[PDB]
Amino acid sequence: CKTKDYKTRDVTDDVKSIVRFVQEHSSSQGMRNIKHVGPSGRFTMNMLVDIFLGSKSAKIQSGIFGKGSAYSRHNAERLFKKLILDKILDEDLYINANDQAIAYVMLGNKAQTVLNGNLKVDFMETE
């Protein structure tokens, strides 16, 4: 906690919590209830962001929903984007024939280290 410590935050506790939910999200919690109306969605980094905070754009309500409510959406973005750079996260760059690009979320390169739990990356917030 940079104010007492010179430490910056290793988002490993944060990230592992994220990973747990997304990994076990091979199914979904039926107790989600809320958005049981409307069209489906896709799993992209920014969707996970809105979910992570417990925001209300999010249409999933299962997993890390309202678990990182101490972040701001663009801060959470910055992290999933830190993760894609570190390669814990791997971004699925997809563009349709309208030159509209969107990136999905998967874990690829450092993902095995995530499973081993030895994944320790940094992130800078108020810690």
# chains A, B, ... in the order shown; residues from 1 in each chain; ligands from 1
call {"tool": "residues_around", "arguments": {"residues": "residue A:103", "least_positions_apart": "2", "cutoff": "6 Å", "atoms": "only C-alpha atoms", "output": "mmCIF file with C-alpha atoms, in the first residue's frame"}}
result
data_model
loop_
_atom_site.group_PDB
_atom_site.id
_atom_site.type_symbol
_atom_site.label_atom_id
_atom_site.label_comp_id
_atom_site.auth_asym_id
_atom_site.auth_seq_id
_atom_site.Cartn_x
_atom_site.Cartn_y
_atom_site.Cartn_z
ATOM 1 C CA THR A 44 -14.793 -10.091 -24.118
ATOM 2 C CA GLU A 91 -6.805 -11.833 -26.674
ATOM 3 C CA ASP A 92 -8.807 -13.201 -29.546
ATOM 4 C CA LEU A 93 -8.661 -10.492 -32.119
ATOM 5 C CA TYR A 94 -11.644 -10.856 -34.340
#
call {"tool": "residues_around", "arguments": {"residues": "stretch 46-49 of chain A", "least_positions_apart": "5", "cutoff": "9 Å", "atoms": "only C-alpha atoms", "output": "PyMOL selection string"}}
result
chain A and resi 41+54-55+57-60+64-65+68+72-77+80+105
call {"tool": "write_last_selection", "arguments": {"atoms": "C-alpha atoms", "output": "PDB file, in the first residue's frame"}}
result
ATOM      1  CA  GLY A  41     -23.672 -11.929 -25.077  1.00  0.00           C
ATOM      2  CA  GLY A  54     -21.139  -5.439 -10.365  1.00  0.00           C
ATOM      3  CA  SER A  55     -22.148  -2.917 -12.896  1.00  0.00           C
ATOM      4  CA  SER A  57     -24.515  -3.145 -18.355  1.00  0.00           C
ATOM      5  CA  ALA A  58     -23.324  -6.691 -17.727  1.00  0.00           C
ATOM      6  CA  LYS A  59     -25.703  -9.430 -18.717  1.00  0.00           C
ATOM      7  CA  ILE A  60     -24.123 -12.433 -17.081  1.00  0.00           C
ATOM      8  CA  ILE A  64     -16.917 -12.260 -10.407  1.00  0.00           C
ATOM      9  CA  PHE A  65     -20.078 -10.230 -10.532  1.00  0.00           C
ATOM     10  CA  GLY A  68     -14.032  -5.998  -7.818  1.00  0.00           C
ATOM     11  CA  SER A  72     -13.352   1.705 -11.904  1.00  0.00           C
ATOM     12  CA  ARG A  73     -14.370   0.116 -15.220  1.00  0.00           C
ATOM     13  CA  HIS A  74     -11.447   1.591 -17.098  1.00  0.00           C
ATOM     14  CA  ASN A  75      -9.098   0.473 -14.309  1.00  0.00           C
ATOM     15  CA  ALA A  76     -10.414  -3.040 -14.516  1.00  0.00           C
ATOM     16  CA  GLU A  77      -9.961  -2.714 -18.308  1.00  0.00           C
ATOM     17  CA  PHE A  80      -7.340  -7.289 -18.243  1.00  0.00           C
ATOM     18  CA  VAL A 105     -11.051 -13.446 -23.726  1.00  0.00           C
TER      19      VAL A 105
END
call {"tool": "select_by_dssp", "arguments": {"residues": "chain A", "states": "strand (DSSP E)", "output": "list in words"}}
result
residues 9, 10, 90, 91, 92, 93, 94, 95, 96, 100, 101, 102, 103, 104, 105, 106, 122 and 123 of chain A
call {"tool": "select_by_dssp", "arguments": {"residues": "chain A", "states": "helix (DSSP H, G or I)", "output": "ChimeraX atom specification"}}
result
/A:13-24,30-32,45-53,73-86,111-116
call {"tool": "write_last_selection", "arguments": {"atoms": "C-alpha atoms", "output": "compact mmCIF listing (two decimals), in the first residue's frame"}}
result
# COMPACT_ATOMS: atom_id res chain seq x y z
CA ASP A 13 -4.98 -12.54 -5.43
CA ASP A 14 -7.16 -10.38 -7.65
CA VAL A 15 -6.37 -12.25 -10.80
CA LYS A 16 -6.65 -15.73 -9.27
CA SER A 17 -10.11 -14.91 -7.99
CA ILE A 18 -10.98 -13.76 -11.54
CA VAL A 19 -9.46 -16.92 -13.00
CA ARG A 20 -11.35 -19.17 -10.62
CA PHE A 21 -14.70 -17.82 -11.70
CA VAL A 22 -14.03 -17.73 -15.36
CA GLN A 23 -12.46 -21.22 -15.30
CA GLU A 24 -15.41 -22.76 -13.39
CA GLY A 30 -28.81 -20.46 -11.88
CA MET A 31 -29.23 -18.02 -9.00
CA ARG A 32 -28.12 -15.22 -11.37
CA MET A 45 -12.50 -8.28 -21.67
CA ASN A 46 -14.76 -5.23 -21.31
CA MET A 47 -17.79 -7.40 -20.57
CA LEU A 48 -15.88 -9.03 -17.77
CA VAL A 49 -14.99 -5.57 -16.53
CA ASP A 50 -18.56 -4.44 -16.15
CA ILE A 51 -19.33 -7.77 -14.49
CA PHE A 52 -16.30 -7.54 -12.15
CA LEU A 53 -17.56 -4.28 -10.63
CA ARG A 73 -14.37 0.12 -15.22
CA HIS A 74 -11.45 1.59 -17.10
CA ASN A 75 -9.10 0.47 -14.31
CA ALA A 76 -10.41 -3.04 -14.52
CA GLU A 77 -9.96 -2.71 -18.31
CA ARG A 78 -6.38 -1.69 -17.71
CA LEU A 79 -5.79 -4.85 -15.80
CA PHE A 80 -7.34 -7.29 -18.24
CA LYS A 81 -5.19 -5.46 -20.69
CA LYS A 82 -2.15 -5.84 -18.47
CA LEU A 83 -2.96 -9.52 -18.41
CA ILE A 84 -3.15 -9.72 -22.21
CA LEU A 85 0.26 -8.06 -22.43
CA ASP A 86 1.76 -10.35 -19.77
CA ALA A 111 -2.17 -19.65 -18.55
CA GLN A 112 -0.48 -22.84 -17.37
CA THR A 113 1.44 -20.75 -14.85
CA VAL A 114 -1.93 -19.40 -13.78
CA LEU A 115 -3.05 -22.98 -13.20
CA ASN A 116 0.17 -23.71 -11.33
call {"tool": "atom_distance", "arguments": {"atom1": "atom CA of residue A:70", "atom2": "atom CA of residue A:43"}}
result
21.7 Å
call {"tool": "atom_distance", "arguments": {"atom1": "atom CA of residue A:29", "atom2": "atom CA of residue A:67"}}
result
15.1 Å
